[PDB]
Structures are given as structure tokens and as C-alpha cells.
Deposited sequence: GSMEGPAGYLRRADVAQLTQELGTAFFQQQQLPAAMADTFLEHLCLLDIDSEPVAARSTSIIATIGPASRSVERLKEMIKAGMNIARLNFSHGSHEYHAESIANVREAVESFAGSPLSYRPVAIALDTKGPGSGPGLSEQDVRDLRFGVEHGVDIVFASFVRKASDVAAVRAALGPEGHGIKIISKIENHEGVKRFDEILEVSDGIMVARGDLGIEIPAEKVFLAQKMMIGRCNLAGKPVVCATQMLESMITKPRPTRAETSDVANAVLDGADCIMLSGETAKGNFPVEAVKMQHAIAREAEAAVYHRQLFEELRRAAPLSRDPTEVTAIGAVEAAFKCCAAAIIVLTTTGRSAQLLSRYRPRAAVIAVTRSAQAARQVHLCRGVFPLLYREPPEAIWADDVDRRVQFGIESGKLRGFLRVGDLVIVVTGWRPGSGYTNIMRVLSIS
């Protein structure tokens, strides 16, 4: 029964043609949904009661669109998101962190606009986790956003939105200085011919996957759901194909900000993403990602490939990783393991930000400390196991890969262990 579920016959295929021929509508997904959902906050999704239903439906990142709305309005949206998120903190083994992303208005007819400088300052003061920087055309645009975040915003992730021809042509220099990319198809589809957007999307997703940096697919994914309870056949296909392309995150704009079915739109993206993730051809994908990732003498990089290889060898249910900044979890995610990457961290911000990386499931550690560092490490790993069991990630008899480091502090991951559950 195990080998019939999660498209495993299609996963074991010798060719991509045979992989397609073996896809089965009766093969049910088993793994947890790995592609994060970004939902735009607006009149349809601002109330605390509404935000609780959206978190339960699968929202991982709340996007604030600063093109419209005053600072007072956005501060109230942030407070409502935080109230809804913290209403589930009473059960630490099931608590789900939710990131807050600030999407800038943009340069308009201008580099960095004066309104963007003020909005980025607001973002730092209100503790936002991510910035979706609008209309990024070159590396100096990213440097300007970084400077506007100041010394207190050094930890905020900058996701550059590629929205025009120049952004596509200067993609490599933009990606190099950004934490990730958003394929902002709305403006891109007006700036370049509509029939070419899929080429830009597939190229940018491919280059982000090669670089091991998060990539978001955005705009009109389930557009008809703004007024209708069910999406079109093209919309479900678009969501599935964005996941198959390699997108780390998928996004909802008007569907959740102003539409009549915000919760249903989140549920639909969750249902499609789970089905599409099981349909990924891991046999060729892992081989290509492994071959393309450069040779490295960084122990975190070396441990990550060894751990993902070990996970595939034993059909591991999960890779449990201890991380301070999220980096060790991101390096595991870049190889696209089928095994869930359960990231145990004490940092509330890193727990929110790792939603940008496909297949990273953040767990915020709030248990009492242990006097012996090795005992504290073991307890965090056992916490990952208990949370995994409660959430359905793990069962007794499963094998897990555990990734830790040799000393406290970030940057010292160098150990991979094979553990039997219970």
C-alpha cells in the first residue's frame, strides 16, 4: 500500500515519459504540503476570525500590499495577523508560525521612491520578516532597499519582484544580491508580450532552483475565485504547473484581499500543491540538482547533500534539522528531498522566514533549557519527533535523518545521523 500512494509508481519511472504515463488520480498524497501559500491581506481577509480560518486553511505568509492603504491600516492588519497566529500558541507541538511580508508600492516613474523609504522604515519598526521589492531592475535597486532597512533590518529577507524586460535581462545580477525572487506576472505580462511570460517564469524558477534561493510564483493563479466558488481548469493547471516548475511559494492577491472566497482560494491552492508535489519526478530532479550544485568545502553544504541522499536511500519520513538562522534547513531544501525538512529553531523570525523554502516545516522551540549542551540538542531533536508524530509527519518504525552541528551558534552544522522512530 505504501508503494501505491504519493505517486510512487510514477516516482520510480526510468524516463520522464514513463513518469507521465504512471500518474494516477487514485494515488493519494501522503506527505505534508511543502509549497508555501502567500495570501494578500485586505478587506476580505483582515478580521481576526477570518485570519484564523485562513491559517487553518494553509496560509503560511501574510502579504501586505503597500500600494494602497495607510500606515495605520497596515499596523492594524499586522496586529490582527499576530492575534490570530498567537491564538494557537497554547499547544506548542502544533503551533504554526506565519510570516509577514511587506510588498512595496515601487519606484513609479522614478530608483527608490520616498514613499518606499518610509514604508520600509515602517516595516522594520513593526518587525516584518520579508520585503517583496517591487519593480527591481538591477543590483543597485536591491542595495537601495537594503540600505533603507537600516542596521535594525539586517535580518529581513529581500525578495526581488521581476516585473519588466530589464529585470529579466539583468536577472543574474539581481538574484546574486537578493534573498529570492518573485515572478510578478501581472506587470510582467503587460511589460513583455503575454505569450512570453511562461518562458520568463520557467527560466527564473530554474535559475533560483540552481542557486538554492526561494522563488515565488504570483498573480491571477486562481483569479476567477474572486467572484466564483470554484476555479477554472486553466487556474488549477497553473497552480500545479508552478509547483512542478519548482516554485517554493505560490501567491494569492485579489483572491484573498478583496474576493468573496478568500478561505476557499487558500484551500484550493493547498489541495493542488499537495497533488503536484507528489507528481514531481524526484529521480531526475535530484540527479540534476545534485550534479549542478557546485563542489564545496563548507561543512553545512556537504552535510546537506549527504543527508538528502541518505533520506532518499531509506524512504525517510523527515530530515530533522537544528537551525538558528534557517540556513541549514535552506541547504537541505535546495536538493528537493521528498522527506519533510522539520526545522527546530528558537528564533521566532527564522521560523517565519523558512516558509520561503519549499518543504521546510518550522517548529518554534519553547521548552526549558538543559544545562548540558549535548542534552539540549537531544531534547530539541526529541521535540521535532514529538511534533512530527502529532502532525502526521512521523510514525513509530519510520527512519529519520537528523542534522546537527558540533558546537553552539550558527554556521557549525556538520553531522548527519540515521534514527529509528520510537
query: Non-modelled portions of the deposited polymer sequence, in sequence order; finding: 1-24, 135
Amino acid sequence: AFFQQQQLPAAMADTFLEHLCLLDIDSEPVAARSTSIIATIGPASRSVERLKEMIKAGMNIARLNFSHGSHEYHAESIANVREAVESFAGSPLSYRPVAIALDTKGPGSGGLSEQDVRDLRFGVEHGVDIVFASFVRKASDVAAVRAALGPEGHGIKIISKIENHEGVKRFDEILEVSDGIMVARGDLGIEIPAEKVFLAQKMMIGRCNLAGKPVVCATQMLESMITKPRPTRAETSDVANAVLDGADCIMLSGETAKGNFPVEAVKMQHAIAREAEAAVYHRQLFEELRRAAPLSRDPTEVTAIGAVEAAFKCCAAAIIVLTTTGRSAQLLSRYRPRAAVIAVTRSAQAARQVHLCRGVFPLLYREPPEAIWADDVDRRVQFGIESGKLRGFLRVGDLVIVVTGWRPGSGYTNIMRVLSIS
From here on, numbers count along this sequence of modelled residues.
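Just so we're on the same page, rigid core means the largest C-alpha set that superposes within 1.5 Å between forms.
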query: Divergent stretch in 8 other deposited structures of this protein, 157-165 or 90-98 [C-alpha RMS, superposed by the core]; finding: 90-98
query: Higher-deviation segment by CA RMS in 8 other deposited structures of this protein, core fitted, 46-54 or 363-371; finding: 363-371
query: Mean C-alpha B-factor comparison - 313-321 and 132-140, higher one; finding: 132-140
query: Entry-level comparison of average CA B-factors, 349-357 and 388-396, reporting the higher stretch; finding: 388-396
query: Residue selected from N241, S77, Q269, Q220 by maximal Cα B factor; finding: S77
query: C-alpha B-factor winner, where the candidates are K202, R233, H154, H282; finding: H154
query: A148 CA temperature factor, ranked by third within the chain; finding: highest
query: Chain-relative CA temperature factor third for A89; finding: highest
query: Third of chain Cα B-factors occupied by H71; finding: highest
query: Ranked against its chain, the third holding the CA B-factor of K161; finding: middle
query: Third of the chain's Cα B-factor distribution that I415 belongs to, per the entry; finding: lowest
